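Colleague:
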Amino acid sequence: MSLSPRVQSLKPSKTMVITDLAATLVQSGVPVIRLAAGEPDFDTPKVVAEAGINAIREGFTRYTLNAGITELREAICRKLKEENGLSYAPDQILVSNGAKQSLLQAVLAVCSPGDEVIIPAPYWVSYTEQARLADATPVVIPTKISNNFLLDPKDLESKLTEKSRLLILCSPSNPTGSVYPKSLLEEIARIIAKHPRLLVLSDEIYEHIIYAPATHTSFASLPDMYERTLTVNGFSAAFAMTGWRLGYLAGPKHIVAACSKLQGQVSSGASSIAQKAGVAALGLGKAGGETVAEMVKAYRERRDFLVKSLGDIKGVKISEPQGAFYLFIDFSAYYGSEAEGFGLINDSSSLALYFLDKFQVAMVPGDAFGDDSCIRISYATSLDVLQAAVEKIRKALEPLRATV
Amino acid sequence: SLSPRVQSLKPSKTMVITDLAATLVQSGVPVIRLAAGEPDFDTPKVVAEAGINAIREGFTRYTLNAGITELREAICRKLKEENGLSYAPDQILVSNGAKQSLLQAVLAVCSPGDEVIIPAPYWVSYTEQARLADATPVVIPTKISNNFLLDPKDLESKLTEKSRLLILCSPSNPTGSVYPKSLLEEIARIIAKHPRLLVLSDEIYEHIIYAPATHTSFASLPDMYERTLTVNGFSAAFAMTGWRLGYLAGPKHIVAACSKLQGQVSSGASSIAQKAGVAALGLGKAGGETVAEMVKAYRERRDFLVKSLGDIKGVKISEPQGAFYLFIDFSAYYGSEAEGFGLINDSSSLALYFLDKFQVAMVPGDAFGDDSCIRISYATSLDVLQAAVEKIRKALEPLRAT
Ligand SMILES: Cc1ncc(COP(=O)(O)O)c(CN)c1O
Ligand SMILES: Cc1ncc(COP(=O)(O)O)c(CN)c1O
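For the protein sequence lines, the chains are A and B, in the order given.
So for the first sequence, the authors' numbering puts the first residue at 70; every next one is plus one.
So for the second sequence, the authors' numbering puts the first residue at 71; every next one is plus one.
1. For A/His277, which residues from the same chain have a beta carbon less than 6 Å from its beta carbon, with the 5 sequence-adjacent residues on both sides left out?
2. Determine the closest residue to A/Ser181 out of A/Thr139, A/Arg234 and A/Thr230, with distance taken between C-alpha atoms.
3. Can you confirm whether A/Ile387, when its beta carbon is compared against all beta carbons of chain B, has any partner nearer than 9 Å?
4. Under the assumption that B/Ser340 contacts A/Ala343 (Cβ atoms under 8 Å), give the Cβ distance between them as a whole number of angstroms.
5. Would you call the segment 141-149 of chain A and the segment 158-165 of chain A touching, i.e. three or more CB-CB distances under 8 Å?
6. Which complete beta strand (DSSP E) runs does the segment 415-453 of chain A hold, if anything under 3 residues is left out?
7. Have a look at B/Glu185, B/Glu389 and B/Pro244 and flag the residue whose alpha-carbon is nearest the alpha-carbon of B/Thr230.
8. Who pairs with B/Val208 in a beta bridge, going by DSSP?
9. Are the segment 185-198 of chain B and the segment 238-247 of chain B in contact at 8 Å, needing three or more beta carbon pairs?
10. In the segment 240-306 of chain B, which residue ranges form an unbroken alpha helix (DSSP H) of at least 4 residues, counting only runs that do not cross its ends?
11. Using a beta-carbon distance cut-off of less than 7 Å, what residues from the segment 315-334 of chain B approach chain A?
12. Cβ atoms of A/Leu315 and A/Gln174: under 9 Å apart, would you say?
13. Does ligand 1 have even one heavy atom less than 8 Å from the beta-carbon of B/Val76?
14. Identify which residue in A/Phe424, A/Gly439 and A/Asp436 has its Cα closest to the Cα of A/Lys464.
15. The segment 156-175 of chain B: which residues have C-beta closer than 7 Å to a C-beta of chain A, in chain order?
16. If you drop the 5 nearest sequence neighbours on each side, which residues of the same chain put their C-beta closer than 7 Å to that of A/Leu455?
17. Around the Cβ of B/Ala136, are there at least 16 other Cβ atoms within 10 angstroms (buried) or fewer (exposed)?
18. Below 9 Å between beta carbons is the criterion; list the residues of the segment 125-157 of chain A that meet it against any residue of chain B, in chain order.
19. Run through the segment 333-412 of chain B for me and flag every whole alpha helix (DSSP H) of 4 or more residues, listed as ranges in chain order.
20. State yes or no: is the beta carbon of B/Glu185 nearer than 9 Å to at least one beta carbon in chain A?
21. Please name the residue in A/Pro321, A/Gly303, A/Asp441 and A/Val433 whose C-alpha comes closest to that of A/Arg297.
22. Output yes if chain B places a C-beta closer than 9 Å to the C-beta of A/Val376; else output no.
23. Name the chain B residues whose beta carbon is nearer than 7 Å to that of A/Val179?
24. Just to check my reading of the structure: B/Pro222 and B/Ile187 have Cβ atoms closer than 8 Å, yes? What is that Cβ distance to the nearest angstrom?
25. Name the chain B residues whose beta carbon is nearer than 7 Å to that of A/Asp89?
26. Interface residues of chain B around A/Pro81 at Cβ under 7 Å?
27. Sort out for me which residues DSSP pairs A/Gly316 with in a bridge.
28. Check each candidate in B/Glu152, B/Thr84 and B/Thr300 and name the one with the smallest Cα separation from B/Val176.
29. Does any heavy atom of ligand 1 sit closer than 8 Å to the C-beta of A/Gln170?
30. Do B/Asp110 and B/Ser451 have their beta-carbon atoms positioned less than 9 Å apart in this structure?
31. Helix, strand or coil: which one does DSSP assign to A/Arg103?
32. Among A/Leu149, A/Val101 and A/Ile102, which one has its Cα closest to the Cα of A/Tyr295?
33. Name, please, each residue of chain A whose Cβ falls closer than 8 Å to the Cβ of B/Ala118.
34. Check whether the Cβ of B/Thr113 lies closer than 9 Å to any Cβ atom in chain A.
35. Buried or exposed for B/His323, going by 16 or more other Cβ atoms inside 10 Å?
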C-alpha cells in the first residue's frame, strides 16, 4: 500500500532494468544486441561444471554452515595468501550468494544512520543504493577521463568530515576498467590511516580480468590497512559463474562475525552445489591458471577491437581500460544533437534510448554510474556481437554532429 | 564500531546450535542432531536431474531478476491448482530461499515505528527481520493447551494505528500447529477493518501436513487477497535445502518494490536451482507420490516421538498437525539441579544440559519467544530418534518433575 520510505526512494539498478528489458525484447521476437550486463560469453569451465554436477549426484544438497563450507573457506584463505599476499583464518571468510550480497551486508554492518559513505564516480550502480539501505549518506567524488577516472587524493581530503565512515574502492573498476596503481593506493591509505573511524570496502571481483602490464594490488596489503579493509571477491567474472551465485567477504574478525550474524537472518549459507563448484574453481591454480588466461586473452582482443573501432569515431573520447570487461565511452560531444525520427539527444539516458529504440543495441547510460557524459558497453560477450554493435553505433552517429 | 541495528541483532539460535553440533561431530564427538529442520530425503531424482541438465546445457548465466519466466508461470499454476489463488507471473518474485523472501517483504512494507504482530511461539527470524526494517515486533503469546493457536481477542487487543504487518506461519515452525479455516476467517474479519494491516503468510510447510488437518492459504479468504503476501518455497517439501530457492506472491505494487530491492540485494536466484524448481513443480499436485512418501515418513516419526516422549513424567506435548517439529514443554523440570552441570531453570540451561552432558542438540524455546518449551526436529531416521529418546529419558531421570 504505502512502502517504507527507504524502499520507496530506492533507485532501480539500471543495469538489471536494461538487461531484463533486452532479454524480454529478444524473447518476444525482437533481436537486440545485448551489451548491458557484464556476462561472459564463455561457458563455466568443464571441471567447475563437473564439480557442481558431482555435488548434485552425491547428494551434497543439504544446508551448509552459514559462513560457508570449511573446504571452501580454507581454499579462499589459500587464494588470498598466494595471489594477494593476505593472511586470513577461515573464520574471517563469509561466503554469500554472489558479491552483491557480500557488499550489502558489509555496508549494513559497519554504517550507522548518518555515516558518510565515500564513493568515487563513476561508480558501480549499486554502491549508492546499498549505502541508502543502511541509512547512510553517499558522498560522491567525481573523477576525470583525463585522469583515467582514478580518485585524486586531494579531492578525498576535501570531502572528509567527522561523519566519514566508509570509502568504497573498485579496482579493476566497473564501469571504467581503471586499475589503481600501487603508488596511488599507498597515498590513499596514508589518508585512511589518519582517521580512526574510516574503513575501506575493496571490491576486487574483476581482479583476474587485468591486462598486462597493469597489476592488481589488494588494498588490505598496504601498511596499516589490514585492520581497516573489507575485501569482497567472487567467482562470477573470472570463472564465468554468474548464474551460480557465489561471492565472499574477507576482513577483520569482529566485522565478519557481525556480517555472518546478519547473513544468518537474511539468508542461509550459499548454495551447497555452488560452493563445491567454487572449490573446483579455486583448484584451477594461481589466478585460475590457463583456463582463465584463455578468457583474459579473448577479452583483451575484444578490448582492442573496441578501442580502435569507436575511438576513430568523430568526437568520441576513450579511456583504454586496464581491467574488467567494460568500456565507459564519452559520447557527450554529441549532446545537443537532433536525431530524426527520435528527437533531442541531450544526456546519456536519451542517447542509450536512441541506441536501443532505433538501432536495437542495449547499453547502460552513464548517469546510472554517476557520470552522464558516458555510456557503458560490456565487451564480455562475443567478438561477433561486438562487431555487429560497432557497425550500428557508427550508423547511429552518422546523422548527428560532434561539438568542439 | 558497528551499526546499532547489526550490533543488537540477535543471532539465529537455530543456525548457531546447528553449526555448533556439526563442528562437534567434526572434532570427533558424536551428537544426535535434532536442531535444523532439514529433510533426510535426497532431492527427488527428476529434480536433481533437471539441475544436472541445467549445468550440462549451459544454463549457468544470470536470469531475469524476478525469476525465469518458466518457473514463475509454473508457480502461478501451482498457486491456482493447490491454493485456489490467482496471480499473474509478474506478481511472483523468486529469491535465494524463503528466508530472503520474508525479509524483502518486511523491508518493503514496514516503515520505521510500524509494528509487526507476531504470534508466539515464532520462527526465530521474524522478530529480527522486523528490527532490520526499524519496525517493532509485537508478540502475542499463545498456550500449549490451545495447540499454540492465536486467540482472536488477544489479536484485536494488540492492534494499533501503527500495526502494519501480521505474520501467519502455518503449518508452524516451531509448533507444527495448523490454523483451521474458521480461525483464519475470524482473524480476517478483524483484519478487514484496519486499512494499513497487511498479512504475511508463510506457507513453506504446506505439504508437510497430516490428515485430517488441511492447509488454507490466507490469501483465499474474503477481501484478504489484496492485503496478503504469500511466501513459499522448495526446501521443506522437495528437500532442496542445499539449493536455495523460494518465492513471494502478492499485490503487484508490493512485489514490484521487493523486486526493485532484490535487484540491489542479490539479483536473481541461481539459474541452476530455478531449473530444478521447474522440475519440482512438474511433479504434479502437492508434489505427487514423491511428496506423499515424505509426509508418510514424517507422520511415522512424529507418532513415534509423541508416544515415546509423552509418557515421560513432566513432559507435555502438543501433537503437531504439520511441519517437522515437536515443541516440547519440559518446564516441570525447571528448578532442578543436576550434579556436574548445575541449575536448570529455563529452556537454555535445559537445552545446554542435554547437549553438554548427553550429546543431543535441540533448540531452546526462548529463541522462539516461549521459554517453557524446547524444539526438536524429527526430519531424521527412526533409528536416530530411538537413540535420542533413550538419551532424553536418561537425562531426565536424575531430575525431578513438578
Ligand atoms: C563491481 C561489482 N561488484 C559486485 C558485483 C556483483 O556480482 P555477483 O553478485 O554476480 O557476484 C558486480 C556485478 N558485475 C560488480 O560489477
Ligand atoms: C517458517 C520458515 N520460513 C522460512 C524458512 C527459510 O527456509 P529457506 O530459506 O531454506 O527456503 C524456514 C526454514 N525452515 C522456516 O522454518
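Built from N, CA and C at the ideal position, the CB exists for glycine as well.
Modeller: A quick look at the data gives this:
1. Position 208 of the first sequence, counting from 1, holds the residue named residue 277 of chain A. Around A/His277: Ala307, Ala356, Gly357 and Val361.
2. Numbered from its first residue, the first sequence carries residue 181 of chain A at position 112. Here the closest residue by C-alpha is A/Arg234.
3. As a first step, residue 387 of chain A is located in the first sequence; it is residue number 318 there, counting from the start. So no, A/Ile387 is outside the interface.
4. Within the second sequence, numbered from 1, the residue matching residue 340 of chain B stands at position 270. Within the first sequence, numbered from 1, the residue matching residue 343 of chain A stands at position 274. Rounded, the Cβ-Cβ distance is 7 Å, consistent with contact.
5. yes
6. 443-447
7. Residue numbering aside, residue 230 of chain B sits at position 160 when the second sequence is read from its first letter. Here the closest residue by C-alpha is B/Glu185.
8. Stepping through the second sequence from its first residue, residue 208 of chain B is reached at position 138. The partner list for B/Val208 (beta bridge, DSSP) reads B/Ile187.
9. yes
10. Under the rule that a run must span 4 or more residues, the alpha helix (DSSP H) segments found entirely inside the segment 240-306 of chain B read 251-261.
11. Correct list: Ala327, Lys330, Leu331, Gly333 and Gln334.
12. Position 105 of the first sequence, counted from the start, is the residue given in the question as residue 174 of chain A. Position 246 of the first sequence, counted from the start, is the residue given in the question as residue 315 of chain A. Cβ distance not < 9 Å, so A/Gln174 and A/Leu315 don't count as in contact.
13. In the second sequence, residue 76 of chain B corresponds to position 6, counting from 1. The nearest non-hydrogen atom of ligand 1 is 8 Å or more from the C-beta of B/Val76.
14. Locating residue 464 of chain A in the first sequence gives position 395, counting from the first residue. Nearest C-alpha to A/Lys464: A/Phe424.
15. Flagged, chain order: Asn166, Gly167, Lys169, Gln170 and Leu173.
16. The sequence position of residue 455 of chain A within the first sequence is 386, counting from 1. Cβ neighbours of A/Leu455 beyond the five flanking positions: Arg371, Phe374, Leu375 and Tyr448.
17. As a position in the second sequence, residue 136 of chain B is number 66, starting the count at 1. The residue is buried, with at least 16 neighbouring Cβ atoms inside 10 Å.
18. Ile125, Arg126, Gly128, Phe129, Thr130, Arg131, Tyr132, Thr133, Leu134, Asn135, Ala136 and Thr139
19. 341-351 and 358-380
20. Against the second sequence, residue 185 of chain B aligns to sequence position 115. Judged by the 9 Å Cβ criterion, B/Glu185 is not in contact with chain A.
21. Within the first sequence, numbered from 1, the residue matching residue 297 of chain A stands at position 228. Residue A/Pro321 is the option with its Cα nearest to A/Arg297.
22. Locating residue 376 of chain A in the first sequence gives position 307, counting from the first residue. By this cut-off, A/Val376 is not an interface position.
23. As a position in the first sequence, residue 179 of chain A is number 110, starting the count at 1. By Cβ distance, chain B contributes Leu72 and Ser73.
24. Position 152 of the second sequence holds residue 222 of chain B. Position 117 of the second sequence holds residue 187 of chain B. In fact, because the Cβ distance is near 12 Å, the residues do not count as touching under 8 Å.
25. For the purposes of this step, residue 89 of chain A is taken as residue 20 along the first sequence, with counting starting at 1. The contacting residues are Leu134 and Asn135.
26. Here residue 81 of chain A refers to the residue found at position 12 of the first sequence. By Cβ distance, chain B contributes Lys330 and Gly333.
27. Start at 1 with the first residue of the first sequence, and residue 316 of chain A comes out as number 247. A/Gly316 pairs with A/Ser165 and A/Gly303.
28. Numbered from its first residue, the second sequence carries residue 176 of chain B at position 106. Answer by Cα proximity: B/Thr300.
29. Start at 1 with the first residue of the first sequence, and residue 170 of chain A comes out as number 101. Yes - ligand 1 has a heavy atom lying nearer than 8 Å to the Cβ of A/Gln170.
30. Within the second sequence, the letter at position 381 stands for residue 451 of chain B. Within the second sequence, the letter at position 40 stands for residue 110 of chain B. In contact: B/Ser451 and B/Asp110 (Cβ atoms closer than 9 Å).
31. Looking up residue 103 of chain A in the first sequence gives position 34. DSSP places A/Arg103 in strand when its eight states are reduced to three.
32. Position 226 of the first sequence, counted from the start, is the residue given in the question as residue 295 of chain A. If we check each option's Cα against that of A/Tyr295, A/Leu149 comes out closest.
33. Indexing the second sequence from 1 puts residue 118 of chain B at position 48. Chain A residues near B/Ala118: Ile125, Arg126 and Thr130.
34. If you number the second sequence from 1, residue 113 of chain B lands on position 43. Judged by the 9 Å Cβ criterion, B/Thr113 is in contact with chain A.
35. In the second sequence, residue 323 of chain B corresponds to position 253, counting from 1. By the 10 Å Cβ count, B/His323 comes out exposed.
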